[PDB]
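Next up: just one chain, as C-alpha cells, the form deposited in one PDB entry.
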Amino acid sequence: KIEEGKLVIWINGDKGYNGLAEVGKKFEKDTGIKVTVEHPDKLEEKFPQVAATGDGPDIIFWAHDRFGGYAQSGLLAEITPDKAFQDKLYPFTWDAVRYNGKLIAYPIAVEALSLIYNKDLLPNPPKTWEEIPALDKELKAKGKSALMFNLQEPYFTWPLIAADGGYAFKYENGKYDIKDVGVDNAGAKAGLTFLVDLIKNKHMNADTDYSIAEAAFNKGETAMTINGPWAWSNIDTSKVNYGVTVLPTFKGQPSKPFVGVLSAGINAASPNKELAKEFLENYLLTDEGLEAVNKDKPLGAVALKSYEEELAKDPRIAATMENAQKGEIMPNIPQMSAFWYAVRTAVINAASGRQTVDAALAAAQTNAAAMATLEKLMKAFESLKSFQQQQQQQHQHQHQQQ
C-alpha cells in the first residue's frame, strides 16, 4: 500500500525538503495530484525494510552507493529516460545510477573532495603534490604547516593513491569486475609511497584525524586541507579567508577522489511510476526545480548541465565539479565493504611504518577476501535463522501438524 493517485517522497532531513515540497506544490497546480515530502529518521535503514513488503515511498532521495543494495534486492524500478533527456545531465553521472546494466535512479547532486587553501597564508596554491614538501619548509619557518588532512580514513587518502593508476574495481561494459582490483598495482604503490614519505620526513603526522585536521585549518595553523562541501559552513564561521580549488596533481596525473551522487530512485512497488517520471524529469530536473531546492538548502554541484553552469559562478562549486569529473565514481557493489576494511588497514600500517608500502598493499588483497568470508558467513547464518523461523511457524506447531 503506497496509495495510487498521489506521490510520496522520502528525502533526508539535512536537504532542502521544503524547497522540494514547493516543486510538489508546482506539480499539484498543473496535474491536480498531491505530493507529500517526508523526511523520516534513518530512512536509509527503513527503506529496505518497508519496500520489501510493498510499502515505503514512491520516490527516495539518497546517495547512489546505497542504491546498489536496493537494486540488488529488487526494490527500485528501471527508469526510462530517452536519449535527449540523458544529454541534459553530465554523462559521467549516469554511470553512478547503473545496476546490472540497467538505470535505477536519477542523478541530482554531485559530491567530491577538493583542496581548500588559506588565502591569507597561501595566495597561490600548489598545482602538484611534489612541490608541497618544499612548501612546508617555507611555512615551518613562520611556525605553520603546508598541509593537514585526515589520514585515518581511506576516503581522504585515496585521491593521492589513485592518482597514478589506482582503482577500487575496474568499471568496464557498465559493470564492475570484482576479479580486477587496483590496490597493489604500480600507481597505487607510488601514491602511498609518496604519502608515507611525507610522514617520515615530518611534513605530515600519521595520527592526524578529521577533528585535528579541521581544527588546525580553521584556527589558521595550516595553509591547506582536503575536505568536501560539508565542511565549508564551519570554515565560514571561523572567519578564515579561504578558497576551494582543484586537487594537486601527482606524477602529472590529477588526483582521483571518490564521487558521491545524490540520486532519486523510484520504488519498484510504486503504482505511480509514470507520475514519478513526469515529476522528476519535467519538474525537478529543471532549472526552476533545482533552484527551489538549492535556495532552501544548497545542493552543491548538480547533475543538470544548464543549472550547474549557473552555480559554477561560485568558484567553490566549480571546483567540486572539476575534481569530481577528474575523479572515480564510488562503486555501488557489496564488495565495497571488504575494500574499505582492507585499504583502511593498508594505509594505517604503511603510515605507522608497521609494514612497507609494498607489503601493506599486498596484504589488502588477502585481508579483503578474509572480510568477504565473514560477510559470506554472516549471510549464511541469518538465512538459517529465517529458514527455521519459516518452518517453525507453519509446519510443526504447538497446535498443528504436517
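Residue positions are given as counts along the sequence shown, with the first one as 1.
The discussion below concerns the form deposited in another entry, not included here.
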* Asked: Just checking, between the shown form and the other one are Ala190 and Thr345 in a single rigid part?
  -> yes
* To do: Please say whether the CA atoms of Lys46 and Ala338 come closer or move farther apart in the other form, knowing the change relative to this form is 3 Å or more.
  => closer
* **Pair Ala303/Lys326, Cα separation in the other form versus the displayed form, closer or farther by 3 angstroms or more** => farther
